[PDB]
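Asks: Sharing a structure here in structure tokens format.
Bear in mind that the values in this text are calculations on the coordinates, not laboratory data. For neighbour counting, all protein chains shown are included, and Cβ atoms are generated from backbone atoms with ideal geometry for every residue, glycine included.
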Amino acid sequence: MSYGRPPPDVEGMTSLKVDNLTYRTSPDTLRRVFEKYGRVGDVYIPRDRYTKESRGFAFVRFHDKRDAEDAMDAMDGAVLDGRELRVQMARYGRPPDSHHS
């Protein structure tokens, strides 16, 4: 018996990423729709820069994979507005160059 289970060895990363919008979902709705499971270290929409529309995806990012695990396991394909929300690790989390952590 299964259903999909929690993420695999994403232990090598930490940042979350969220995508799929309807042009009106906005970062604010995503904020309280994702931080609710724990927190939202970052929430923004990489939309256009010279028009009144968007690319069709956001970029919520989580500073902690644990809060991202539950939110993603409870928001991936959760169809927030009627389009089928998408949630997945942003792969990021490593330290910058000339430094380590």
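Asks: Surrounded by 19 or more Cβ atoms within 10 Å (Cβ to Cβ), within 19 Å of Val79 (Cβ to Cβ), in contact with a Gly (Cβ under 9 Å, 6 or more places away or on another chain) and not basic (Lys, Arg): which single residue out of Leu30, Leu21 fits that description?
Replies: Selected residue: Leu21, the only one of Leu30, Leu21 that is surrounded by 19 or more Cβ atoms within 10 Å (Cβ to Cβ), within 19 Å of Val79 (Cβ to Cβ), in contact with a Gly (Cβ under 9 Å, 6 or more places away or on another chain) and not basic (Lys, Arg).
Asks: Take the conditions surrounded by fewer than 17 Cβ atoms within 10 Å (Cβ to Cβ) and closer than 24 Å to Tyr3 by Cα and apply them to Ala74. Does it pass?
Replies: When the stated conditions are applied, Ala74 passes them.
Asks: For region 25-45, name all the residues that are out of contact with any helix residue (DSSP H, G or I) (no Cβ under 6 Å at 6 or more places or on another chain) and either part of a helix (DSSP H, G or I) or in contact (Cβ under 8 Å) with a residue 40 or more places away in the chain (or both).
Replies: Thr25, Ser26, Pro27, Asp28, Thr29, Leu30, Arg31, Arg32, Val33, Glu35, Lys36
Asks: For region 56-70, which positions are surrounded by 14 or more Cβ atoms within 10 Å (Cβ to Cβ) and in a helix (DSSP H, G or I)?
Replies: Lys65, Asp67, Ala68, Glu69, listed by residue number.
Asks: Is it true that some residue in region 81-100 is assigned to a loop (DSSP other than H, G, I, E, B), among the hydrophobic types (A, V, I, L, M, F, W, C) and free of Cβ contacts under 8 Å to residues at least 40 places away in the same chain?
Replies: Looking for residues that are assigned to a loop (DSSP other than H, G, I, E, B), among the hydrophobic types (A, V, I, L, M, F, W, C) and free of Cβ contacts under 8 Å to residues at least 40 places away in the same chain, one finds none in region 81-100, hence no.
Asks: Take the conditions surrounded by fewer than 12 Cβ atoms within 10 Å (Cβ to Cβ), part of a loop (DSSP other than H, G, I, E, B) and either in contact (Cβ under 8 Å) with a residue 24 or more places away in the chain or touching a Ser or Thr at 6+ places or on another chain (Cβ under 8 Å) (or both) and apply them to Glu53. Does it pass? Spell out how you get there, then give the answer.
Replies: Details: surrounded by fewer than 12 Cβ atoms within 10 Å (Cβ to Cβ): yes; part of a loop (DSSP other than H, G, I, E, B): yes; either in contact (Cβ under 8 Å) with a residue 24 or more places away in the chain or touching a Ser or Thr at 6+ places or on another chain (Cβ under 8 Å) (or both): yes.
Judged against the criteria, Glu53 is a match.
Asks: Right, next: State yes or no: is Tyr37 among the hydroxyl-bearing types (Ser, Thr, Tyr) and crowded, with 16+ Cβ neighbours inside 10 Å?
Replies: Yes, satisfied.
Asks: Then there's this: Go through region 4-24 residue by residue and tally those that are more than 12 Å from the chain's Cα centre (by Cα), assigned to a loop (DSSP other than H, G, I, E, B) and small (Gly, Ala, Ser).
Replies: 1
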